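Have a look below at one chain only, the form deposited without this ligand, in structure tokens format.
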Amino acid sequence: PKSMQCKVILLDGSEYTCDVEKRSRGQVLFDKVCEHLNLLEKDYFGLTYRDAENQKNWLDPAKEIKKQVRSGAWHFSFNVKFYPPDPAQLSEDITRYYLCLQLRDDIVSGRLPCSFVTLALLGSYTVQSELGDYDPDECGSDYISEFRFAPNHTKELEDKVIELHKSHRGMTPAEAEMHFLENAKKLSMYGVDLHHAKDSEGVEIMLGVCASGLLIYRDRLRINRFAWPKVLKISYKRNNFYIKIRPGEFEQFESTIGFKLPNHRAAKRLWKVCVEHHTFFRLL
């Protein structure tokens, strides 16, 4: 029974290696990674792989691994797939821990924009969680943390992390992680999966896919928001992505909004993430 070596980048940046039968479905590998991580609330998470074109794709747990990675290496990342709107409602601290690690990468990467003060506050909770109570013995007037807090680090940001860290004395790791999440969850790009697209006139837009629904970022003076309930139907054909929007009360007919994606694979990928978000956040 022939087995393929899988390499998974975990949210702490370490590498997990395991083997699965070469005809294995994605769920088989995912179950192994989640067991390794002692993760029970698995529904929020998934594995990604970098495709031929080099884009992030979700590994479909229901399909053969080989029919997804195709010509590529069996290399994956472990990631948050569905960002919970209220992390306080997750049943386990370890779930909230993996969500914090994902969000720290969201922030450092610049996928999750954040004010100076929120960067310093989130950083202060990470330090409290990981080192515990503020100790002046480590932190002199020239201190720079090993922790990556932001896309661009400044001495003034390092100083503000320390100032707030001092205020958190006696906070446990679970308590600091929950405070991290109460702040992170309010950020306007929290849990927003962004896709480049063109509108029906060819104007460059971004489509964001989140728990609540669909966002169309046009010019920042107008952002169109479609709550999942207002979305009747989702579809792709060629390089196009279509959404059907319900008639307001007393209107005879749904409206159609069409978008042009870079290529057919980018259209299918947006369609599948919308279907999965719609299903997940209809049930949650």
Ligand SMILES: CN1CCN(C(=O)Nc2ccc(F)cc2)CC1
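From 1 onward, residues are counted along the sequence shown.
Note that the form solved in complex with this ligand isn't included here; everything after this is about it.
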Where this ligand sits in the deposited bound form, superposed onto the shown form by the site's C-alphas, are 3 or more of its atoms within 2.4 Å of backbone or C-beta (blocked), or none (open)?
blocked
Contact between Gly72 and this ligand in the deposited bound form at 4.5 Å, heavy atoms?
no
4.5 angstroms heavy atom contact with this ligand in the deposited bound form for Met4
no
Using 4.5 Å between non-hydrogen atoms, is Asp43 touching this ligand in the deposited bound form?
yes
Just to confirm, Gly132 within 4.5 Å of this ligand in the deposited bound form by heavy atoms?
no
When this ligand is considered in the deposited bound form, the residues of 265 to 284 having a heavy atom within 4.5 Å of it are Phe280, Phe281, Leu283, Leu284
